[PDB]
């Protein structure tokens, strides 16, 4: 059974202009990440535009990633959907594709409750009991916060193998790590931060890895950062993290007075990837807004200056 620790980017989905999955570019991106030093891949996560792809498109992207990865690193599959029956359909797809782990959120659109969230995860686990199931804490998208007491209960019960926490709340992540360790659940329950700019903080508190969207652009930077942290080189880690945080400025280029943070952020990532020659274009799924030729030039300049070298 695969173990999901270390640097595990949420793989993006390159697209053609007509919105279909750009399989050739997706293969190039997978190679970019693996040869960049990542420890695993998270397919069909938020930054993979999972919420934008149809079920059929998700299946194609997942299969493309798993087949091209060819066992080099483990691949975990997102099963993001509103409620349990719909998530379990995606679990079946994931098993069919040979996924080595699952990533699920709380229910959304519907009102929910900690009791119902817990049942949700238990029933997802039961659909694929041999796969490590990670709980994806992402309040900006699902509008629930995953109760840390519930998570540790499910860890103890063997229902959850870990969590990917994208709440942006490092104090809360730290508290969860401390609670986990005090409960003696350190080895059983992996804690991955979704942070792109406070990865050194997470490792200093004893987190097990990172799922950074920006890791699509600069996988080598995050690999190098994790290595510094694991070697206890905290000052050096902080200096590298600061440079990564200046690369991160690509997500702030797009004018959010007329587009969402997804358009600006994921668009900035894809723009960088196209500039680096990894994918064919920065095409986005509907209804994402395009970046202007001026915005893309600014993104290029940032990439040129702050992409990691060593």
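Numbering follows the first chain given and starts at 1.
Q) Mean C-alpha B-factor higher for 292 to 300, or for 5 to 13? A) Result of the comparison: 292 to 300.
(Q) Which is higher on mean Cα B factor in this entry, 104 to 112 or 180 to 188? (A) The stretch with the larger average C-alpha B-factor is 180 to 188.
Q. For the listed residues 171, 209, 98, 132, which one has the largest C-alpha B-factor as given in the deposited model?
A. Among 171, 209, 98, 132, the PDB entry lists the largest C-alpha B-factor for 98.
Q: Kindly indicate the residue among 250, 53, 266, 244 with the greatest C-alpha B-factor in the PDB record.
A: Answer for 250, 53, 266, 244: 53, with the highest C-alpha B-factor.
Q: Rank-wise, by C-alpha B-factor, drop residue 164 into the lowest, middle or highest third of its chain.
A: Within its chain, residue 164 is a lowest-third residue by C-alpha B-factor, going by the deposited values.
Q) What third of its chain's C-alpha B-factors does residue 36 belong to: lowest, middle or highest? A) For residue 36, the deposited C-alpha B-factor lands in the highest third.
Q: Taking the chain's C-alpha temperature factors as the reference, tell me which third residue 150 falls into: lowest, middle or highest.
A: Answer is highest: the recorded C-alpha B-factor places it there.
Q. Within this chain, which third does the Cα B-factor at residue 124 fall in: lowest, middle or highest?
A. Ranked within chain, residue 124 CA B lands in the lowest tercile.
(Q) How does the C-alpha B factor of residue 200 compare with the rest of the chain: lowest, middle or highest third? (A) Residue 200: CA B-factor falls in the lowest third of its chain.
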